[PDB]
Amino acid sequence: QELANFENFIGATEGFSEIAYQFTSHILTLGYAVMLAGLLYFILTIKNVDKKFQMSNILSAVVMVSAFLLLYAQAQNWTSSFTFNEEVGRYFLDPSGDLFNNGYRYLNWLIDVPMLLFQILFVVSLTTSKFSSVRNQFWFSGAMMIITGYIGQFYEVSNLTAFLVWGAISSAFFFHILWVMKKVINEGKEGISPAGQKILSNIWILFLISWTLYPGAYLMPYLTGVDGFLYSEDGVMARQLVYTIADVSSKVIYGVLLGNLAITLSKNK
């Protein structure tokens, strides 16, 4: 079966029900729509925070631009890649199209991950850690996590062993990032108001959950085993839903909370 991602595989073999095709289209559209809304939010509220914090708002806005453009591209790629067959009454991979391509999302991650990790360092103050050290660790492990993930996904269909091994390597970098971010949160909570500490607690939980959704969605088609319930259009729907929840959470909600933290920090006098 010529296609080499899971979406194309399902599209070429079983096809997508009307519901699966339309749901996925709508959730991807909601994704980019929220980023555009977020972009305007972060621009318009930039004056609500003190100058010293504004780099966080700037980085949120730039993340919104990248996410809007690339998630818009991904959404159009979805609808362009699958076309209705009247005889069967399902949507199949269109040989006339460009085929579904995970590249848009992975590029978004490569760009956004370093900016999301960076931006908290303009709101919290470290204690015993160095800014440059934390930044460098975030950026190195962030890049390596996405690169190794991207290598992995090439083997999603063709070599489950490679897919899982590269995934595990990627997960090692992810665990490093979690370790560093937890340290940043802990140092950030030192020497701020309890209201600020509460927001940071919430940021940590949001970060932990929203970022873990990504490897969840990576594994999704296989979480019920091969020829499992999720090894299907339902796995495709679940993956894209989970990615979209993760995107809104990790980018928009995260940015909103950091803005709220910045506002709170200024209230001590």
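In case it trips you up, residue 1 is the first one in the sequence shown, and so on. Rigid core: the largest C-alpha set superposing within 1.5 Å between the two forms.
Larger root-mean-square CA separation from the shown form, computed after a rigid core fit of the structures in 6 other deposited structures of this protein, is seen for 92-100 when 164-172 is set against 92-100. After superposing on the rigid core, the larger RMS C-alpha deviation in 6 other deposited structures of this protein belongs to 107-115, the other candidate being whichever of 77-85 and 107-115 remains. Count the deposited residues lacking coordinates between residue 3 and residue 4 and you get 1 to 3 of them. The question of which stretch, 151-159 or 122-130, has the higher mean Cα B factor is settled in favour of 151-159. Higher average CA B factor: 83-91, of the stretches 83-91 and 110-118. Note on the listed residues 192, 99, 177, 146: the highest Cα temperature factor in the record is that of 99. In the PDB entry, the Cα temperature factor peaks, among 202, 232, 54, 66, at 232.
Split the chain's modelled residues into thirds by C-alpha temperature factor. Residue 42 is in the lowest one. Among all modelled residues in its chain, residue 245 ranks in the middle third by Cα B-factor. Among all modelled residues in its chain, residue 29 ranks in the middle third by Cα B-factor. In this PDB entry, the Cα temperature factor of residue 222 sits in the top third of its chain's modelled residues, the highest group. Ranked within its chain, residue 140 lands in the middle third, by CA B factor from the PDB record.
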